[PDB]
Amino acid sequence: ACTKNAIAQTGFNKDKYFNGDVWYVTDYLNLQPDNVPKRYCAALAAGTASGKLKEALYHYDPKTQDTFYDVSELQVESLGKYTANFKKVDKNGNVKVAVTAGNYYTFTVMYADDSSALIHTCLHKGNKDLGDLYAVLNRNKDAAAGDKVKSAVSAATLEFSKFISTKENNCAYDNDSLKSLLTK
């Protein structure tokens, strides 16, 4: 179940978030914790391409080896709040599972600055969703969450101590593949 109307950052700077670079997930929280694993790697690239907001996603489960990439076109609901489609692709942008109506995610940027961000997403696949997922992002894959993002977590009524870190997984990313997916 999706249960949160996540509030977008006051003064959100869309060009700085959507600048073509990679964001690494450093910490995450699902409000339905059993919906996602406790060991995981994820990253995204976000940018504008051909006049549209795009994200490219990467997921990796270091226990099961499940690996997948997605390309997403984002439509604007309001500043910092988007509805994204997705197509599953290989790392080269070739399609594995096509866009399908009813497969989509909402995406809200709750906080962002030059190095860090806090986002909410609720993923829908037909009549099923993956619950409310929060992620702390950083421009540096290893970086510890700083004071400002932690203030944003607390101002959303969340407890940062409940987030799961991705650090123990020693994740590695294919940054060229991920960024290049923005034009796919």
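We number the residues from 1 along the sequence you see.
- Mean C-alpha B-factor is higher over 91-99 than over the other stretch, the pair under comparison being 104-112 and 91-99.
- Averaged over Cα atoms, the B-factor as recorded in the entry is higher for 120-128 than for the other of 120-128 and 23-31.
- Among the modelled residues of its chain, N138 has a C-alpha B-factor that falls in the lowest third according to the deposited record.
- Remark: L158 belongs to the middle third of its chain, ranked by C-alpha B-factor as recorded.
- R39 sits in the highest third of its chain by CA B factor, as recorded in the PDB entry.
- Sort the chain's modelled residues by C-alpha temperature factor and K4 lands in the lowest third, per the entry.
- Per the PDB record, residue ranking by Cα B-factor puts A45 in the lowest third of the chain.
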